[PDB]
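Colleague: Build the 3D model from these lines:
(chains A and B)
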Amino acid sequence: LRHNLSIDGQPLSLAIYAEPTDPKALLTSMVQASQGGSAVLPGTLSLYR
Amino acid sequence: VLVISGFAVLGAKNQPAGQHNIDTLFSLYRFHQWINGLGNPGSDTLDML
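Modeller: Numbers count the residues shown, from 1 in each chain, chains lettered A, B, ... in the order given. Shown next is the protein structure:
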């Protein structure tokens, strides 16, 4: 009587389902980087044409 | 980016740069997860990082 059950202890009020929050999806993206050139070496002038 | 910053923008515990151990390993793992979750603006995010 105190816990509001039946004669055999079965609950008189149906327990709520408590539907979960459920998982979510994941995402990824691209990443870039930048660089410069190398020092220009003075070409040793040959004799050819 | 990490090597250019020299672990200064990564941080370290009781050591300069970073020693090859579990603390830096976990830090790098969490950092990579954060980079993956960054999203499309992650490129610019790392750019000003």
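
Colleague: Taking chain B, what residue is nearest to chain A?
Modeller: residue B:40 (4.5 Å; CB to the nearest CB). Every residue, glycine included, has its C-beta placed from N, CA and C.

Colleague: Surely that residue and residue A:31 touch.
Modeller: No. Judged on CB atoms under 8 Å, residue B:40 makes no contact with residue A:31 at a distance of 9.9 Å.

Colleague: The two - which one has more neighbours?
Modeller: residue A:31 (16 against 12; other CB atoms under 10 Å in any protein chain shown).

Colleague: If we ignore the residues flanking it in sequence, what's nearest the more buried one?
Modeller: With CB to CB, 6 or more residues apart in numbering or on different chains as the criterion, residue A:31 has its nearest non-adjacent residue at 5.0 Å, and that residue is residue B:43.

Colleague: could you say which helix or strand contains the closest residue to chain B within chain A?
Modeller: Proximity to chain B, evaluated over chain A using CB to the nearest CB, is greatest for residue A:29 at 4.5 Å. Per DSSP states H and E, residue A:29 falls between elements, in no helix or strand.
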